[PDB]
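Asks: Dropping the structure in here first, questions after.
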Amino acid sequence: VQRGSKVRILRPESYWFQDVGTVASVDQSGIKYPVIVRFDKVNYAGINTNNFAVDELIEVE
Amino acid sequence: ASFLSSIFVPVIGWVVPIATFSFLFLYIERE
Amino acid sequence: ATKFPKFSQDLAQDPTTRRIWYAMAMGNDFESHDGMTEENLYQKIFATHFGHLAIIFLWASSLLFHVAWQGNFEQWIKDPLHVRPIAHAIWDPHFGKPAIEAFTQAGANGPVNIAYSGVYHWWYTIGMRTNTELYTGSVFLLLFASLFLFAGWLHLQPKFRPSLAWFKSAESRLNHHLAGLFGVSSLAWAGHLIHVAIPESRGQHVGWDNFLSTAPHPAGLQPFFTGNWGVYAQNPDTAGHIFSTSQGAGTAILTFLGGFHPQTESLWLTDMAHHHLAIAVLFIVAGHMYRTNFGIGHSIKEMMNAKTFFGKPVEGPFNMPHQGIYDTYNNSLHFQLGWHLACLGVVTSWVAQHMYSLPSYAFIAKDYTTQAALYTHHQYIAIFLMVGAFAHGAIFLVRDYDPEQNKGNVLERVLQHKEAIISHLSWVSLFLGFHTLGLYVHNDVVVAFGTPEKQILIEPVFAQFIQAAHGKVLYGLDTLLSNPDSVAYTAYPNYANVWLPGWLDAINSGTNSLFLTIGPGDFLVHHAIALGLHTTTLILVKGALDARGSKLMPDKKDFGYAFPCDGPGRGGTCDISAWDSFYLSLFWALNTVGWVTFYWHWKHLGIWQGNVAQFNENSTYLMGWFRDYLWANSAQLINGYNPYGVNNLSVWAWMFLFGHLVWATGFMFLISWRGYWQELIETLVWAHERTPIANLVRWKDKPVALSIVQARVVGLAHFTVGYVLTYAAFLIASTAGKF
Amino acid sequence: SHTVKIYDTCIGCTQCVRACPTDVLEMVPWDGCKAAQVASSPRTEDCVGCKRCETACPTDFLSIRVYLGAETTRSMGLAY
Amino acid sequence: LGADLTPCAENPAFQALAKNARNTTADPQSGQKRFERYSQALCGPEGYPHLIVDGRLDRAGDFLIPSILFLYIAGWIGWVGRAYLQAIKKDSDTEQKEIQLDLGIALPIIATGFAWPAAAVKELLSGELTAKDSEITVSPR
Amino acid sequence: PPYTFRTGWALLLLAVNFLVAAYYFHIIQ
Amino acid sequence: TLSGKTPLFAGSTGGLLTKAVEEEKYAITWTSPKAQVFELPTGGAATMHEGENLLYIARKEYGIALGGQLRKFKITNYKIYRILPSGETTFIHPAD
Amino acid sequence: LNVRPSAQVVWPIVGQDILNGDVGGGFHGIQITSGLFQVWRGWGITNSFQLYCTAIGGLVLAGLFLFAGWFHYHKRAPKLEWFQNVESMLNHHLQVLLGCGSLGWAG
Amino acid sequence: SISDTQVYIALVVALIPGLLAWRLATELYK
Ligand code: CLA
Ligand code: CLA
Ligand code: CLA
Ligand code: CLA
Ligand code: CLA
Ligand SMILES: CC1=C(/C=C/C(C)=C/C=C/C(C)=C/C=C/C=C(C)/C=C/C=C(C)/C=C/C2=C(C)CCCC2(C)C)C(C)(C)CCC1
Ligand SMILES: CC1=C(C/C=C(\C)CCC[C@H](C)CCC[C@H](C)CCCC(C)C)C(=O)c2ccccc2C1=O
Ligand code: SF4
Ligand code: SF4
């Protein structure tokens, strides 16, 4: 979307499923999951960022 | 005929496992 | 590169000793064999089920033969209240001469084992009187077990081998098994009681020679067809009936007194005869319900997929979506096996709950150790059948479950709100444990400080009522069959309470285990049992529902049912699999049945000794359990052998120590894990190739340490065997040393 | 041996190749991701099931996965 | 009555325990004043007070009175701890305030919440007590 | 919606909970 | 062939085993700038030579665990072979 | 031979005054097993006042250790080579601590 | 107890399931 837009996650295998993220950067051509979403809470690995597809997200702002 | 205990119990105690284990050891180690 | 195991090429190409151990624990797993198709699966399980069935009859025939040939059954008929039964005889070469004199007992020539399984009481009840009937029934079961060993061989031959559609015809099993296996066999046993066992109960021999000549009733089947069925309930066995004699006998064959025989303190054999006759009619009628090839009856697949209640559209039966459950039960074998173990696990404990309070065998209420063993036996059997119900239910969700066929139904809706099930199960486990342990420790400190009146003692006033709503005058609640003015007491329109004068005599006597008197010591232990049932269920349900993946590890279905972990990553995943939640629960299941059988055993040690005040004072605080039951009763046991001599309890004194050792050995497989031991075996592999004479020989299979899932099996095996053998040596000898 | 599946979600971080101690993994060029390379496992007969490669991967959930299979001599880690 | 419950003032077993009273505190008659209050309970055959958790208003001091006194306190422990976690979620750090207590925010939460039954119904009837199930993370089924 | 079918059976079962307590409180005999 | 020098250590009990006669055996070669002390994955300390070295190891896991230890010596030239008992030497590290 | 070694008189609050049992000598308390009465007689302590000035003297000596831990870290901290004088450490610690400590105690 | 003769009948009859158990356990494969 744009740098600062709160989105939601619908990927079931992901840790932040049905949680609110924050888009940090969106790429242009490749990867198929070009959206960097800087989350606010960490997973079990300790990280808080991930890549997602364009249709994967639900904009809430 | 209580003497059959003297001939079934040592066979099951000794002869039955010796015949079983020596069959199974040669069967599991068989190419 | 060997050809063993035959059922797996991936295991047979294993150079290590893992090849040997995984053959054993995958051998009877028919579904994971190489090339096993669907119809070949059922045809192999069906013939295997003839193999386990014929072990049971060969087992039960050795009970008959070792009693007829080595026991004292005919000497036990003369006085069952003091003559002590005999199971089998000992031929042990390792005995010393004071250990032949100690086991020469019960009036025998050689060393004999006192039978504590109560099979003399069951055979004496059902008519058997001499050692020849025991031998005749033994030889019959040799032929009857070989009739199933031949049947399993016959139904594996190619044109005698049943097709796939024969197995998945579920409406035809329910008609034949309910009407025939349940109903006719209950009808046949009612025929055995009336023709044989009830006349044998009156000093009147009826055998195979003269049962066609003699009639069970002098009326003789004329009042059956004419409808004058009240002739069968004429003059019963009176209250002075001495068992297996003609004193105080009767002519009735179907009677409905209710309560107990006045001498044997068992149920009347005429009550059991009208019971299994009435059960038989209710089941043959139940077996004419489902649709078979005769175009009539209910159809289960139409009962599930129905959506219309008298014109009103609904979601299904009870307005609940049960569609696809017929294709879920019947297509899967782990859904069936996981289901029927829960059904058999409920009834197994339900057998044990009704056999100490309602004894049905002659002179079994006064032979104490045979009764203390039969409760604890079928309770532990009911434990494994319930843990395996959730275990094989969770193999279903990993392997057999299909969410598309099961979409939208009631089994899909459980998997949606599964975090609400586990949360409220986690609540009750903590809500009970924080407040049940709190009240024992409260009572422990309060008694220790010399002021025991500050105990928190609660009368069980909600189970006080039920025993008084069943007819116990002892509490004075005065309701519902203890209120003689009640509508339930009188049965107001018809007055047909035939059972009730005989029931109220049994429940109001203090000489039986029928609805025992309960107090504040029994309040805390039933809430301690409820701690153990909701917590064991917590582990099993959470392992069943999270078996297909979760947040820490998705796609757990891709790894099967038993896998060790997923590494040290993500904080580590030790004991993550659905098998591992089977594993944790059998510590609780053995624990909870400890609590239900420590409490069973110590309440009856006050009844059997006449000291009810020892339990009611001391079972409120946890020292009285520890002192007056564990410490005080193990004095007869541990002195089974001492430096002064031996006695007949020295096996149980040896097995008690043996159980403490198998139990403690199983900790080694659980505290210490694998990677310590693979680095130890690699030093023994070194120092065998270097020793100069002993390296002439060498292994064929490379020695490796036991795998991670394997020594959780082997660790739980030493734990469970030692848990059983320790208590079973304490249960017997603390009761059979005191009587 | 074991089975190393690599999904299409990784970013070419080269943390999994620099962590597998039997050197099963290697990078091949692939026009998808930003770093334009994907991990590949052409030598899975050498994999010992260590799951160091799953520990080092950033992406949630893991682009690399080790399925534990039949255990030969090279995957048991036996020097004998 | 009750049952198997005579009153403690009628039992010879309770009065036998009365003659050998052990003093709880250094009060020299604390053993004696203990038993004049236990005389109104129901002591069984042993001489020990058996409580009645039924709901009978003549035995309300056993369980009816301490249940109301408990549930006011323990819900207020959890109501204050709920209102503080709502406050510090909308701050810059949000994890410093969890281990290292923002005492200027915590003390207005503690002193306020004693009327939590007047409070906790208002979040219930307005639906602010719970969260939407489309906004909570769930496991793959 | 007002859940008629859920609350219909919960009030039936709770009426059984209150009926047995009426025997225990001697309201009905 | 391989043609490398053998490092300076008094022998270990780790070393090579019967597998080196029977199933397979690996070998890692590296060309060292100087002589210094490193560690054996078999166990203990050793001393590399100057120029081409050679260490017959038991498994492939040893040579890549050693090659990470050689990386902090500015030695990124290590090549592991797979020496079969039929004499078949297979270049396995690197891929090219 | 008859009086049992006892300290730790228990506050009487919740009935835990029953832990103050009669040890002998008109005294109620917990019978200790640590053997400090054998040590104090082995030191030669006769009355209570010698135990007070020892204990008050210990509280002063506990304050010098706690002050020097502040001083030798936050104020005047040694360098590295002061620590690696293990020949100089063993000479002071074997002579002054152990030897002179047991010579003074021999006195 | 039972006679000494009747024990040998029980042993010979027990070979009939002993033979049939060997046939079933080998028809179920190796
Ligand atoms: C599974 C049932 C079973 C069991 C556990 C026992 C147990 C015993 N029997 Mg007995 N027995 C049985 C059935 C059984 N009996 C039957 C049906 C017969 C009639 C043929 C006999 C005839 C018999 C005699 C004549 C004698 C014993 C003796 C003994 C004792 C020593 C063991 C021995 O020598 O075996 C003896 C075994 C046989 C003679 C043949 C075994 C017959 C059964 C049917 C085989 C069952 C095999 C089993 C199902 C295979 C499954 C293995 C399992 C681990 C998977 C021991 C108390 C001896 C004794 O009392 O010593 C004091 C003795 O002298 N038994
Ligand atoms: C009327 C005909 C009839 C009868 C008698 C049976 C009988 C049986 N079938 Mg069956 N079957 C039938 C028709 C019939 N079937 C038809 C028509 C089909 C095809 C549609 C099938 C398909 C089928 C399959 C596929 C299988 C069976 C199996 C079985 C066996 C069940 C296991 C067992 O022995 O439990 C015996 C159970 C009882 C006697 C009742 C127990 C009741 C509860 C549990 C206990 C009550 C006892 C009570 C408390 C007192 C006990 C105390 C006393 C012991 C001291 C049993 C022999 C299974 C088997 O083992 O194969 C051999 C099996 O796999 N059947
Ligand atoms: C009639 C009931 C029934 C049936 C048909 C099955 C059938 C099956 N189960 Mg199941 N199960 C049952 C009851 C049943 N189980 C119960 C009651 C439990 C709970 C304890 C379980 C728990 C369970 C688990 C957790 C698993 C199975 C699995 C399996 C499958 C393979 C079994 C196997 O590999 O055997 C191999 C047999 C063994 C390894 C036997 C070793 C254990 C023995 C009994 C220890 C005995 C100790 C020793 C002899 C005592 C000596 C005493 C002496 C020292 C004094 C098979 C479909 C496995 C599977 O993968 O399913 C597909 C699996 O993971 N079951
Ligand atoms: C006198 C001594 C005593 C002690 C030391 C405890 C100690 C404890 N109780 Mg307990 N309790 C007691 C008496 C006592 N109880 C009595 C007399 C009753 C009867 C009214 C209860 C009823 C009770 C309940 C119903 C619960 C506890 C719980 C707890 C634990 C946490 C309590 C808490 O404040 O958590 C801090 C508080 C929170 C984290 C949140 C507030 C949760 C409270 C306790 C529930 C109130 C919500 C609501 C108003 C009522 C819910 C419906 C309920 C009627 C079913 C704790 C170990 C809780 C527990 O076991 O959790 C696992 C729990 O749920 N107790
Ligand atoms: C803010 C405090 C708080 C509140 C309101 C709740 C509320 C709840 N918890 Mg929870 N919980 C908490 C803290 C809290 N929890 C903490 C700190 C722990 C770790 C020990 C847990 C562990 C826990 C478990 C294991 C379970 C719950 C459950 C529950 C639910 C039922 C009530 C219950 O069983 O109490 C449970 C209470 C305890 C286990 C102990 C209470 C913890 C302390 C004593 C109270 C916390 C007070 C807090 C620190 C004060 C901060 C004040 C602030 C101004 C600084 C409910 C949603 C249960 C559930 O899911 O039911 C559906 C359940 O199974 N919780
Ligand atoms: C118990 C106690 C205490 C006390 C202590 C004290 C009391 C101490 C003292 C101390 C002391 C009191 C010490 C002493 C020492 C001494 C010495 C150490 C000496 C030495 C000397 C010398 C060395 C000499 C020599 C010489 C000579 C002889 C001659 C020639 C010269 C010369 C000089 C060399 C306190 C408080 C801590 C507390 C705790 C407990
Ligand atoms: C002792 C032990 C070993 C070493 C033990 C081994 C390798 C086997 C030891 C037993 C030997 C093989 C003799 C077995 C004899 C048994 C007493 C009976 C065997 C008969 C049955 C197999 C039929 C492990 O490898 C291990 C791995 C992971 C967790 C725990 C452990 C663990 O506890
Ligand atoms: S699998 Fe992991 S390590 Fe490999 S390229 Fe993808 S993200 Fe990087
Ligand atoms: S199995 Fe895992 S840890 Fe081992 S080499 Fe392969 S990816 Fe790396």
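Just so it is clear, chain C uses Swiss-Prot numbers, and the residues here are 2-740, in order.
This deposition comes from electron microscopy, 3.3 Å.
Even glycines carry a Cβ here, placed using N, Cα and C.
What Swiss-Prot records for C:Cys566, C:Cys575 is [4Fe-4S] cluster binding site. Annotated chlorophyll a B1 binding site per Swiss-Prot: C:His661, in sequence order. Residues or ranges marked as chlorophyll a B3 binding site in Swiss-Prot (evidence: similarity to another entry): C:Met669, C:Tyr677. As annotated by Swiss-Prot, phylloquinone binding site applies to C:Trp678. For C:46-69, C:135-158, C:175-199, C:273-291, C:334-357, C:373-399, C:421-443, C:524-542, C:582-603, C:650-672, C:714-734, the entry in Swiss-Prot reads transmembrane segment.
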Asks: Going by Cα-Cα distance, pick out whichever of the binding-site residues C:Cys566, C:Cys575, C:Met669, C:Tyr677, C:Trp678 is nearest to C:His661 (chlorophyll a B1 binding site).
Replies: C:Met669
Asks: Can you tell me how many other Cβ atoms are located within 10 Å of the Cβ belonging to C:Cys575 ([4Fe-4S] cluster binding site)?
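Replies: So the Cβ neighbour count for C:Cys575 ([4Fe-4S] cluster binding site) comes to 13.
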Asks: What does the structure give for the C-alpha distance between C:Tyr677 (chlorophyll a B3 binding site) and C:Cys566 ([4Fe-4S] cluster binding site)? Integer Å is fine.
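Replies: Cα of C:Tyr677 (chlorophyll a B3 binding site) to Cα of C:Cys566 ([4Fe-4S] cluster binding site) measures 17 Å after rounding.
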Asks: So which binding-site residues out of C:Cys566, C:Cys575, C:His661, C:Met669, C:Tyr677, C:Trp678 are up against ligand 7, CB under 6 A?
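Replies: So the answer is C:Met669, C:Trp678.
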Asks: Which one is it, among the binding-site residues C:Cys566, C:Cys575, C:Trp678, that lies nearest to C:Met669 (chlorophyll a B3 binding site) by Cα separation?
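Replies: Nearest listed residue in space: C:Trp678.
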Asks: What residues elsewhere in the chain lie close to the transmembrane segment (C:373-399), defined as a C-beta under 8 angstroms and at least 6 residues from its ends?
Replies: 117-119, 333, 335-336, 338-340, 342-343, 345-347, 349-350, 352-353, 356-357, 537-538, 541-542, 544-546, 548-549, 557-558, 561-562, 579, 582-583, 586-587, 590-591, 593-594, 597-598, 601-602, 605, 725, 728-729, 732-733, 736
Asks: Quick one: pull the CA-CA distance for C:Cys575 ([4Fe-4S] cluster binding site) versus C:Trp678 (phylloquinone binding site), whole Å only.
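Replies: Cα-Cα distance, C:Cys575 ([4Fe-4S] cluster binding site) to C:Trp678 (phylloquinone binding site): 18 Å.
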Asks: Counting Cβ atoms within 10 Å of each candidate's own Cβ, which of the binding-site residues C:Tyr677, C:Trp678 comes out highest?
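Replies: Going through C:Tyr677, C:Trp678 one by one, the largest Cβ count within 10 Å is at C:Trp678.
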Asks: Between C:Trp678 (phylloquinone binding site) and C:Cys566 ([4Fe-4S] cluster binding site), find the distance joining the two CA atoms and give it rounded to the nearest Å.
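Replies: Per the Cα atoms, C:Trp678 (phylloquinone binding site) and C:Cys566 ([4Fe-4S] cluster binding site) stand 18 Å apart.
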Asks: Check each residue in the chain of C:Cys566 ([4Fe-4S] cluster binding site) that is at least six apart in sequence and keep those whose C-beta is under 8 Å from its C-beta; list them in sequence order.
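Replies: Spatial neighbours, sequence-distant, of C:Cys566 ([4Fe-4S] cluster binding site): C:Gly573, C:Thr574, C:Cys575, C:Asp576, C:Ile577, C:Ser578, C:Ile709.
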Asks: State the non-local partners of the transmembrane segment (C:582-603) in its own chain: residues 6+ outside its ends, Cβ under 8 Å from one of its Cβ atoms.
Replies: 357, 373, 376-377, 380-381, 384-385, 387-388, 391-392, 395, 523, 526, 529-530, 533-534, 536-537, 540-541, 543-545, 547, 576, 616, 620, 626, 629-630, 713, 717, 720-721, 724, 728, 732, 736
Asks: Excluding the flanking five residues on each side, which residues at least 6 beyond the ends of the transmembrane segment (C:650-672) place their CB within less than 8 Å of a CB in that stretch?
Replies: 100, 103, 637-642, 707, 712-713, 715-720, 722-731, 733-734, 737-738
Asks: Neighbour count, 10 Å Cβ-Cβ cut-off, for C:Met669 (chlorophyll a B3 binding site): what number do you get?
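Replies: Cβ-Cβ neighbours of C:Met669 (chlorophyll a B3 binding site) within 10 Å number 13.
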Asks: For C:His661 (chlorophyll a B1 binding site), list the number of other Cβ atoms lying within 10 Å of its Cβ atom.
Replies: 14
